[PDB]
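Dropping start29.cif in here (mmCIF, C-alpha atoms and all ligand atoms):
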```
data_my_file
#
loop_
_atom_site.group_PDB
_atom_site.id
_atom_site.type_symbol
_atom_site.label_atom_id
_atom_site.label_comp_id
_atom_site.auth_asym_id
_atom_site.auth_seq_id
_atom_site.Cartn_x
_atom_site.Cartn_y
_atom_site.Cartn_z
ATOM 1 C CA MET D 1 21.605 -12.064 15.785
ATOM 2 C CA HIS D 2 22.505 -10.190 12.585
ATOM 3 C CA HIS D 3 24.627 -13.168 11.540
ATOM 4 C CA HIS D 4 27.314 -11.906 9.150
ATOM 5 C CA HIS D 5 30.168 -13.558 7.219
ATOM 6 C CA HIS D 6 32.452 -10.618 6.448
ATOM 7 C CA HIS D 7 34.401 -10.088 3.223
ATOM 8 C CA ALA D 8 36.591 -7.084 2.482
ATOM 9 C CA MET D 9 35.209 -6.946 -1.066
ATOM 10 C CA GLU D 10 31.563 -7.246 -0.033
ATOM 11 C CA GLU D 11 29.271 -4.631 -1.589
ATOM 12 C CA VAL D 12 26.133 -3.584 0.253
ATOM 13 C CA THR D 13 23.703 -0.668 0.334
ATOM 14 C CA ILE D 14 22.494 0.852 3.602
ATOM 15 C CA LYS D 15 19.353 2.984 3.312
ATOM 16 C CA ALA D 16 18.984 5.839 5.772
ATOM 17 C CA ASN D 17 15.453 7.227 6.081
ATOM 18 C CA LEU D 18 15.616 10.599 7.788
ATOM 19 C CA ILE D 19 12.732 12.365 9.497
ATOM 20 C CA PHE D 20 13.255 15.909 10.722
ATOM 21 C CA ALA D 21 11.524 17.831 13.531
ATOM 22 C CA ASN D 22 9.072 19.576 11.189
ATOM 23 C CA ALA D 23 8.344 16.164 9.654
ATOM 24 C CA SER D 24 10.186 16.829 6.383
ATOM 25 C CA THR D 25 12.048 13.791 5.021
ATOM 26 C CA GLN D 26 14.740 12.333 2.778
ATOM 27 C CA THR D 27 16.495 9.048 2.072
ATOM 28 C CA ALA D 28 20.254 8.691 1.651
ATOM 29 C CA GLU D 29 22.005 5.545 0.438
ATOM 30 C CA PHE D 30 25.510 4.436 1.367
ATOM 31 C CA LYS D 31 27.543 1.770 -0.409
ATOM 32 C CA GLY D 32 30.566 -0.335 0.501
ATOM 33 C CA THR D 33 31.174 -3.059 3.079
ATOM 34 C CA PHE D 34 28.303 -3.447 5.543
ATOM 35 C CA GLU D 35 30.523 -1.995 8.277
ATOM 36 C CA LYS D 36 31.797 0.978 6.257
ATOM 37 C CA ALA D 37 28.456 1.894 4.684
ATOM 38 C CA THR D 38 26.910 1.715 8.143
ATOM 39 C CA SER D 39 29.641 4.001 9.487
ATOM 40 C CA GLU D 40 29.130 6.500 6.655
ATOM 41 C CA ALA D 41 25.372 6.607 7.248
ATOM 42 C CA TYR D 42 25.852 7.585 10.886
ATOM 43 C CA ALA D 43 28.562 10.059 9.891
ATOM 44 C CA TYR D 44 26.065 11.790 7.598
ATOM 45 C CA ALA D 45 23.532 11.897 10.445
ATOM 46 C CA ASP D 46 26.173 13.591 12.601
ATOM 47 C CA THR D 47 26.792 16.304 9.991
ATOM 48 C CA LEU D 48 23.090 17.157 10.040
ATOM 49 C CA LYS D 49 22.950 17.493 13.833
ATOM 50 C CA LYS D 50 24.082 21.131 14.044
ATOM 51 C CA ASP D 51 21.121 22.343 11.977
ATOM 52 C CA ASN D 52 18.607 19.657 12.864
ATOM 53 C CA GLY D 53 19.292 18.631 16.462
ATOM 54 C CA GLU D 54 20.133 15.282 18.063
ATOM 55 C CA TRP D 55 19.218 12.092 16.258
ATOM 56 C CA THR D 56 17.673 8.801 17.289
ATOM 57 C CA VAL D 57 17.916 5.592 15.303
ATOM 58 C CA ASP D 58 15.720 2.538 14.938
ATOM 59 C CA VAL D 59 17.391 -0.202 12.913
ATOM 60 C CA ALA D 60 15.322 -2.290 10.508
ATOM 61 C CA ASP D 61 15.549 -4.749 7.614
ATOM 62 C CA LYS D 62 18.198 -6.772 9.443
ATOM 63 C CA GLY D 63 20.412 -3.690 9.519
ATOM 64 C CA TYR D 64 20.147 -2.487 5.917
ATOM 65 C CA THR D 65 17.715 0.251 6.883
ATOM 66 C CA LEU D 66 18.394 2.971 9.433
ATOM 67 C CA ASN D 67 15.381 5.070 10.388
ATOM 68 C CA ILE D 68 16.816 8.226 11.896
ATOM 69 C CA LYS D 69 14.782 10.982 13.536
ATOM 70 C CA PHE D 70 16.157 14.429 14.407
ATOM 71 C CA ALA D 71 14.773 16.213 17.475
ATOM 72 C CA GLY D 72 15.264 19.755 16.196
HETATM 73 ZN ZN ZN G 1 20.116 -7.411 18.119
HETATM 74 ZN ZN ZN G 2 33.805 -16.225 3.221
HETATM 75 ZN ZN ZN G 3 26.205 -18.240 8.139
HETATM 76 ZN ZN ZN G 4 31.135 -7.021 6.614
HETATM 77 ZN ZN ZN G 5 36.938 -5.326 6.079
HETATM 78 ZN ZN ZN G 6 23.479 26.134 9.904
#
```
Before anything else, please render the file you have as structure tokens.
Ligand SMILES: [Zn+2]
Ligand SMILES: [Zn+2]
Ligand SMILES: [Zn+2]
Ligand SMILES: [Zn+2]
Ligand SMILES: [Zn+2]
Ligand SMILES: [Zn+2]
Amino acid sequence: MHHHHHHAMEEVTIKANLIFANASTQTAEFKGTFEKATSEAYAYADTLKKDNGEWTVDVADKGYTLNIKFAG
């Protein structure tokens, strides 16, 4: 699954749709290799944990979309 031919110079965009405890929202985009952009998206989620609580992710769009919810 998620078949991927990797290339160091590959350019991709990972969309992170965030939903917070009070239901507020925002979308953040990360660019670079699929692996790096993916790593940066989760790193951003981690920075928001202190103020917004633990996060849960549901991957979609074959991995290009990360729907992340914060528990508060
Ligand atoms: Zn799978
Ligand atoms: Zn190739
Ligand atoms: Zn192939
Ligand atoms: Zn790759
Ligand atoms: Zn690489
Ligand atoms: Zn704070």
**Close residues to ligand ZN 5 (chain G) using only C-alpha atoms and all ligand atoms, limit 10 Å, as a list in words** =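 These are the residues that qualify: residues 6, 7, 8, 9, 10, 32, 33, 34, 35 and 36 of chain D.
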**Message:** Calculated over all atoms listed in the file, which of the candidates D:66, D:18, D:59, D:45 has the smallest distance to ligand ZN 1 (chain G)?
**Reply:**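 Of D:66, D:18, D:59, D:45, the one nearest ligand ZN 1 (chain G) is D:59, counting all atoms listed in the file.
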**Message:** On this structure, the PyMOL selection byres (((chain D and resi 71) around 9) and not hetatm) would catch which residues? List them as an MDAnalysis selection string, sorted by chain and number.
**Reply:** chainID D and resid 20:21 52:56 69:70 72
**Prompt:** For ligand ZN 3 (chain G), which of D:3, D:31, D:49, D:23 is the closest residue, counting only C-alpha atoms and all ligand atoms?
**Reply:**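 Checking each candidate against ligand ZN 3 (chain G), we get D:3 as the closest.
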**Message:** Calculated over all atoms listed in the file, which of the candidates D:47, D:12, D:28, D:1 has the smallest distance to residue 62 of chain D?
**Reply:** D:1
Assuming the chain letters and numbering stay as they are in my file, what does the PyMOL selection byres (((chain D and resi 15) around 7) and not hetatm) actually select? List them as a PDB file with C-alpha atoms, in the coordinates of the input.
```pdb
ATOM      1  CA  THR D  13      23.703  -0.668   0.334  1.00  0.00           C
ATOM      2  CA  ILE D  14      22.494   0.852   3.602  1.00  0.00           C
ATOM      3  CA  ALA D  16      18.984   5.839   5.772  1.00  0.00           C
ATOM      4  CA  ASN D  17      15.453   7.227   6.081  1.00  0.00           C
ATOM      5  CA  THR D  27      16.495   9.048   2.072  1.00  0.00           C
ATOM      6  CA  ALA D  28      20.254   8.691   1.651  1.00  0.00           C
ATOM      7  CA  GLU D  29      22.005   5.545   0.438  1.00  0.00           C
ATOM      8  CA  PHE D  30      25.510   4.436   1.367  1.00  0.00           C
ATOM      9  CA  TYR D  64      20.147  -2.487   5.917  1.00  0.00           C
ATOM     10  CA  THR D  65      17.715   0.251   6.883  1.00  0.00           C
ATOM     11  CA  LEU D  66      18.394   2.971   9.433  1.00  0.00           C
TER      12      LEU D  66
END
```
**Message:** Given all atoms listed in the file as the basis, pick out the residue of D:37, D:42, D:22, D:5 nearest to residue 67 of chain D.
**Reply:**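 Smallest separation from residue 67 of chain D among the options: D:42.
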**Message:** Measuring between all atoms listed in the file, which one of D:11, D:44, D:26, D:2 shows the shortest distance to ligand ZN 3 (chain G)?
**Reply:**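 With all atoms listed in the file as the atom set, the closest residue is D:2.
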**Message:** If I take atom ZN of ligand ZN 3 (chain G) and atom CA of residue 61 of chain D, how far is one from the other in Å, to one decimal?
**Reply:** 17.2 Å
**Request:** Could you check how far atom CA of residue 19 of chain D sits from atom CA of residue 68 of chain D, in Å to one decimal?
**Result:**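 The value is 6.3 Å.
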**Distance of atom CA of residue 38 of chain D from atom ZN of ligand ZN 1 (chain G), expressed in Å to one decimal place** =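 We find that atom ZN of ligand ZN 1 (chain G) and atom CA of residue 38 of chain D lie 15.1 Å from each other.
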**Request:** Would you please work out which residue, of D:58, D:25, D:39, D:46, is nearest to ligand ZN 4 (chain G) when using all atoms listed in the file?
**Result:**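 For ligand ZN 4 (chain G), the nearest of the candidates is D:39.
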Taking all atoms of segment 15-29 of chain D that the file lists and extending 6 Å past them on each side, where is the centre of the axis-aligned box and how long are its edges? Answer in Å to one decimal, as lines of an AutoDock Vina configuration file.
```
center_x = 15.2
center_y = 11.3
center_z = 7.0
size_x = 25.7
size_y = 28.6
size_z = 25.1
```
